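Student: Residue numbers (the authors' numbering), protein chains in the order written: chain b, 58 to 113; chain U, 37 to 131; chain O, 31 to 273; chain B, 283 to 451; chain Z, 2 to 61; chain C, 11 to 460; chain K, 9 to 45; chain Q, 29 to 147; chain D, 177 to 352.
Okay, here's the structure, questions in a sec.
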Ligand code: CLA
Ligand code: CLA
Ligand code: CLA
Ligand code: CLA
Ligand code: CLA
Ligand code: CLA
Ligand SMILES: CC1=C(/C=C/C(C)=C/C=C/C(C)=C/C=C/C=C(C)/C=C/C=C(C)/C=C/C2=C(C)CCCC2(C)C)C(C)(C)CCC1
Ligand SMILES: [Ca+2]
Ligand SMILES: [Ca+2]
């Protein structure tokens, strides 16, 4: 599916989504916050904070 | 392609009062029917023939006479659950 | 719900819970060979929901998937009236009659698909094996029940298309109005299978409780798509009138 | 103008099919609401062929008869209306058939009134339709004026009308 | 019974004359020597009329 | 004091501001205005009595004061039938005459009485900065307010009672013998969420709670009155508040805005202090009544209303609340928190009870539901009843609609007035209510923002 | 309606409640007489 | 002030006598057993349901009765209602003994009220 | 009559969906906002130029100096809202500009409607709804409202057309 960053999350242990699916083909798993979505949102927030620090 | 109700309107159902499918408002034209006799008829559906409407258990002599008088207005079709499910024969959402 | 009042019950979720009998209960309800007994307040409380996912490969096991209810504590059948008849051989036949015998339920599955289905016990006739002279912990009422279309024939889709009401064509596209398959709405009467494993009988008061598992199709949206297979596991309770 | 030409053809003694077959496809194409410049949208872009498609051929003139032989006229869609109810009137302007929205108190549907359509001229010349689905489809077409077969594949036409260069100008 | 009607009509008339006179008398500091006793008398008579109306209510 | 712009600094359109420091004139204005209030009470009561057809319901005749008297238990019997019309007349007459007296006094103080009272008496003379005197006036009026609450209690308990719409055997005027003094109930009312199903204090649903809460209110008010007579404001209050006549006005304006909003909600939702016998149904009541009316009709027609599913798949007549309770179906699902004397007999522990619905519905409940459904609080401004698309032949607007709309509007404009006077009081205390001083314009001594 | 003895002043009670509106108007009359000082 | 029973005044009483007799029959049959079964919900529902017109009906008996029997019937109905209210109170607090006492009280006062009924 | 014209344009033209009308609405509401905010800002940054509580007579038409503090207003709005006018001339030109441009844009949209060149539909959502009976947006709901208005209003609004719409052809929801 041309997924470029998803394998890099999965390599280090982030393999589940908030939608219940996991790249191991399983379902119903609870990753907690550290799902694919959680990691992506953390990066977005980090980007904002770094931007503000750069401005300062 | 007609869904199923329009196909019923192709039949005798769309021409007169069906004892298996008509809503209770459709009986108001028959004097002395709505609501008691009409509700009794709808409760005791289905009918294979129009004549077994006279065999409603517990029917009354005046009701017997009225049903005989208005036998002409009645037809029997296959009871379509489209028209029947949810007590739509009693209240099809029309006021 | 125990023995409270509505003031105690309101906004608690107890209203959606079928009553339980007791713990020190291993009684049996004696029945006559060929008489029928009324069931007073029959309740079913679902607790587990599974939808049979459809693989795209072929020919491979489909593996029921656990869903989660998006609708709230609105999932229980109750105040159902019925009857249990004892056959000549000893068969026990459970017949649903009326009551709050349906609830629309929407479950979310992993992947984001939401599955509404018409959870019901309507017109359920179920039977045990012959040679039952009692209702006890081995009584299994396995039978069939009807599943009406989730949406009634008075429903209108977002384009005001329906079965006995609404448009029969895509009016927003005047030159392509009659082109769409969803222009025809359908309400097939689907079919379900249910089993009612009685696990607890208090013959003094006539209450019976047990477990159930039901199999039935999901919403088709007036025939828009093929129904999925939904499995419901839960518990049930009812009073059987001995006299 | 089309009706006048057909009436002259009939007044000589031509039959319905011949008289209507004398009508050029160009005049009939002018008599079609999808060619009115007051049917488009501000953001429905491009050629009118991107709307209903490329017109292929005139289907011929439909004539609607109910079960009792009354000749019915389908009320045409005005320029104002994005959508319009299907109504059939007889000679003296009385509704004799329609397509009901609610069916439980339906009285004048194509199904109950037994409306049938026969075509004269064009692609469907000499054919008659009694299946209410076909009759309803052709009544919906007749709402738009003269009916035409369209190539919707070439432009991937979407089904909503465009305005003409007259309207854009 | 006509006495009650007369008393109530008199009370309305006296209410009108009080409503007119009171603000003028309170807002004419020059003519306060002879309008203060008139105010006292009028208040007394108005109260008397109200009492009479109240009694004739039960008397009629 | 002056009576024009040069000598007061206030234009005519703010002329009442000239009264801020003329205590006698201010007292006259207040007493005369109180006369206006009492005059309206009496005159409106007499108008309503004159325009009252006593065999037609109160809410059908645009009456807002007579229901208040009826709720207090005067002139009505079971189901709210008007027994004696004289007590309504007496309430109106007494208010009218007393308004005459109050107006006389207000005119005296406003026009001839002493301009200021401070050199006349220390007791009645006041200064806005005199914190002890202001708390004294608070104390006196708190004692009076507690006494009025106790008057309500005494009427309900020892003077014939109040109208109880929840009375067994039918709504009736009954004497409250056991008010709930239990502070758990009384003050847990104040802690209930102001949202659906809780209804912070709007949900009080029995006259025992109302009377007991009024006993508590009377005691609280009297004790606070004594407390304020015998003390002066503490340091924290002194450091937190603006101490000026306009500041006190603004505080009262905020309080009044709050009370106006509360009253509008109260009349819209509560059918205990506002019995539907006199005020007509609430909107929730009318919606539930329509659902009940068609459940009853269709059930008589033979519909099995427990199992009838509507077009969407939800039960047409009955369904579950999100917490599982059995409730009326349709749009009235939003109104399942409604409780009414005509509907609770059909309610079981789980909500609406199928057995009661199938065999316990009384003809009087059917009549009541039809009446409430057809008197839903919907109506046009020119008093055309029903939904707005209805035609002109039904002259009805619910008294609940009039009271709720009027008091929401008054609450809003008194919030506006509170903002106006609070801001003005602050600015005047700090001394820039007349504009920025060019010499000492504060922003000119501030660092630039960026 | 009003008790029977009082219904000759029925057309007077018809206009009583509207008086405070007249008081509000009278304020402006008084200010107009003084020239809106 | 006829002060005597007559054929036609009895018919005018009857329009209210029928529901009150039905209510008394129900009070003997169903409400007693509801109290006995310790069923407070249904006790309250009964006294607010099928009884929800008892005040109107019995004040109709009283107000439209003989000049001797008017005030007496009114007072008797009032006492019945007081017992009904105390019944509601004893049911809301699950007071079986007090509720049974009040039920006997309401029955006795109702029987006294129907005692002064011609025919 | 104007109200009828307004509702007619909603039902037949979907005029609310028209971007030119939305720019008109933006201009008119912005003009009202500018009027209110400018009036209040001026009235609440006035210089103390008189001794009366009545600040209205502390102004003279021939006075050369500003009657309110532009600097204070600018600081207030910069700290409250983030930005503020600093040029009086730009401020008043803006107060002219906003409502006038709103009127001109709405007039352009009306010119479009004169030829039935409407922003009536979003074709992608129409197609999806036609093939997906579970796709519902506020746009499609508004389309349904327009259909209802047209069918119910046309016979009385356009009497010369002799529209005869039998009761059964009228669109309507359940129970209504
Ligand atoms: C706590 C902070 C934090 C955490 C937990 C993560 C976590 C993650 N990041 Mg991320 N990231 C961060 C901060 C963080 N990041 C910051 C600040 C940036 C901006 C630079 C990024 C930019 C970023 C990108 C572009 C990507 C990620 C990705 C990821 C995911 C996979 C990472 C991976 O493959 O490792 C790889 C890291 C290495 C292989 C490190 C190599 C370092 C070299 C070998 C060492 C250099 C020489 C050494 C210093 C000298 C010798 C010293 C020695 C002797 C000790 C993972 C969930 C990937 C992803 O999945 O996308 C969603 C992805 O592509 N991140
Ligand atoms: C008045 C001149 C005019 C007219 C009447 C037409 C008419 C037509 N052209 Mg055309 N064209 C023109 C000029 C014109 N053109 C110019 C100058 C060019 C060079 C770019 C073109 C290049 C062109 C191409 C490539 C094509 C056409 C096509 C067409 C046909 C399709 C119309 C269409 O969908 O447009 C759609 C119109 C709109 C969607 C309206 C846009 C409104 C904008 C957004 C207004 C902007 C608002 C503004 C920012 C507000 C300011 C803010 C405020 C503060 C001031 C049509 C008959 C098509 C065709 O079918 O060819 C065979 C086609 O392929 N034209
Ligand atoms: C108890 C409540 C109360 C009290 C005692 C005051 C007292 C005062 N206010 Mg105030 N105010 C209040 C509530 C109150 N206000 C509310 C709720 C608002 C919000 C609207 C305001 C907004 C307000 C403003 C803007 C100002 C005052 C001012 C004043 C001072 C002089 C006002 C004056 O002379 O009246 C004069 C009376 C009039 C000019 C007549 C006004 C008529 C109104 C606008 C319409 C009446 C409509 C009514 C519903 C009847 C409808 C009639 C219909 C039939 C046509 C004065 C001390 C002034 C001030 O600040 O002084 C320093 C001043 O500028 N108030
Ligand atoms: C409830 C409404 C109300 C009340 C109680 C007052 C009260 C008062 N105002 Mg005021 N005012 C009001 C509304 C009110 N105002 C409104 C709406 C406006 C805007 C137009 C004003 C504008 C205003 C200004 C500019 C001034 C006042 C002033 C005053 C004070 C002096 C009165 C005076 O000398 O005038 C004299 C008027 C008369 C002598 C005419 C007659 C007045 C009487 C009372 C009429 C009563 C008629 C009644 C029906 C008769 C019944 C009598 C009895 C039998 C019951 C006074 C306490 C003055 C002040 O502040 O003093 C320092 C002042 O300068 N007001
Ligand atoms: C809250 C309203 C109020 C207030 C604070 C005042 C205050 C005052 N008045 Mg006034 N007055 C009022 C209303 C009010 N009055 C009314 C409605 C009228 C019309 C009847 C009058 C007519 C009036 C006149 C003619 C005079 C005053 C005078 C005075 C001043 C001296 C009071 C005094 O010592 O005499 C003595 C006080 C008493 C002996 C106490 C008696 C208390 C009352 C009368 C008995 C009823 C108490 C009641 C049970 C309490 C609750 C009331 C109830 C309605 C709830 C004083 C500042 C005098 C003045 O200004 O001096 C130059 C003056 O001559 N008043
Ligand atoms: C109208 C009646 C009234 C008025 C005007 C006052 C006025 C005053 N009282 Mg008070 N009081 C009253 C009635 C009144 N009291 C009664 C009836 C009692 C008996 C219980 C008391 C007992 C009392 C005490 C013990 C004290 C006062 C004090 C005060 C002074 C300052 C208090 C303050 O800032 O208020 C505002 C309150 C606060 C700033 C505290 C914040 C409270 C919370 C956080 C606000 C949240 C409210 C919430 C949004 C509303 C929801 C409603 C409900 C659910 C809670 C002030 C002049 C103080 C004083 O100085 O005494 C001399 C003081 O110590 N009073
Ligand atoms: C073209 C191309 C290329 C290039 C590329 C590039 C170079 C790019 C890029 C890119 C990028 C580089 C992107 C990015 C991004 C981003 C984002 C998307 C962000 C964000 C963010 C946010 C949103 C934040 C926010 C915030 C803030 C701001 C502050 C506070 C906090 C917060 C969070 C709120 C190459 C060579 C490859 C080749 C091919 C072609
Ligand atoms: Ca029908
Ligand atoms: Ca009159």
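In this text, a Cβ means the ideal position worked out from N, Cα and C, and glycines have one as well.
(1) Can you find a C-beta in chain C that's less than 8 Å from the C-beta of residue 41 (chain Z)?
(2) Are the C-beta of residue 370 (chain C) and some C-beta of chain Q separated by less than 8 Å?
(3) If contact means a Cβ-Cβ distance below 7 Å, which residues of the stretch 115-135 of chain C contact chain Z?
(4) Measure the alpha-carbon distance for residue 61 (chain Z) versus residue 92 (chain C) and round it to whole angstroms.
(5) Given that residue 28 (chain Z) touches chain C, what residues does it touch there, using C-beta distances under 7 Å?
(6) Could you spell out the range, first to last residue, of the beta strand (DSSP E) harbouring residue 340 (chain B)?
(7) At which residue ranges does the stretch 39-91 of chain O contain complete beta strand (DSSP E) runs of 3 or more residues, listed in the order of the chain?
(8) How close, in whole Å, do the beta carbons of residue 114 (chain O) and residue 172 (chain O) come, if the pair is a contact with beta carbons under 8 Å?
(9) The alpha helix (DSSP H) with residue 118 (chain C) in it runs from where to where?
(10) Which whole-angstrom value describes the C-beta separation of residue 19 (chain O) and residue 213 (chain O), a residue pair presumed to lie in contact below a C-beta threshold of 8 Å?
(11) With a threshold of 8 Å between beta carbons, is residue 351 (chain D) in contact with chain U?
(12) Residue 96 (chain O) touches chain b at which residues, Cβ-Cβ below 7 Å?
(13) Do the stretch 68-80 of chain Q and the stretch 113-127 of chain Q meet, that is, are 3 or more Cβ pairs less than 8 Å apart?
(14) Among K:38, K:37, K:28, which residue has its Cα nearest to the Cα of residue 49 (chain C)?
(15) Should residue 360 (chain C) go down as buried or exposed, given a rule of 16 or more other Cβ atoms within 10 Å for buried?
(16) Pick out whichever of C:410, C:384, C:418, C:421 has its Cα sitting closest to the Cα of residue 400 (chain C).
(17) Using three-state DSSP, classify residue 136 (chain C) as helix, strand or coil.
(18) Between which two residues does the beta strand (DSSP E) holding residue 100 (chain Q) run?
(19) Chain b beta carbons: is any one of them nearer than 8 Å to that of residue 140 (chain O)?
(20) Where do the N-terminal and C-terminal ends of the beta strand (DSSP E) with residue 329 (chain C) fall, by residue?
(21) Could you check the C-alpha separation between residue 81 (chain b) and residue 247 (chain O) for me, to the nearest Å?
(22) May I have all residues whose beta carbon comes closer than 5 Å to any heavy atom of ligand 8, sorted in chain order?
(23) Just checking my contact of residue 116 (chain C) with residue 87 (chain Q) at CB under 8 Å: how many whole Å lie between their CB atoms?
(24) Is residue 19 (chain K) near ligand 9, judged by its Cβ being under 7 Å from some heavy atom?
(25) Closer than 8 Å by C-beta to residue 89 (chain b): which residues in its own chain qualify, once you throw out the five before and the five after it? Chain order, please.
(26) Going along chain C, which residues have a C-beta under 7 Å from residue 44 (chain K)?
(27) Which residues does DSSP pair with residue 126 (chain Q) in a beta bridge?
(28) Residues in its own chain within less than 7 Å of residue 336 (chain C) by CB, not counting five upstream and five downstream?
Tutor: In short, the structure shows the following:
(1) no
(2) yes
(3) 117, 118, 121, 122
(4) Approximately 22 Å, taken between the alpha carbons.
(5) Residues of chain C with a Cβ closer than 7 Å to the Cβ of residue 28 (chain Z) are, in chain order, 121.
(6) 336-340
(7) 66-82
(8) That pair is no contact at about 14 Å.
(9) 96-121
(10) Shown here, chain O extends from 31 to 273; a query on residue 19 (chain O) therefore has no answer.
(11) yes
(12) Chain b residues near residue 96 (chain O): 85.
(13) yes
(14) K:28
(15) buried
(16) C:384
(17) coil
(18) Note, residue 100 (chain Q): premise wrong, no beta strand (DSSP E); alpha helix (DSSP H) at 97-120.
(19) yes
(20) 328-330
(21) 29 Å
(22) U:59, U:62, B:386
(23) Their Cβ separation, rounded to whole angstroms, is 46 Å, which puts residue 116 (chain C) and residue 87 (chain Q) out of contact at 8 Å.
(24) yes
(25) 95
(26) 22
(27) Bridge partners of residue 126 (chain Q): none, in fact.
(28) Correct list, in chain order: 328, 330, 360, 361, 362.
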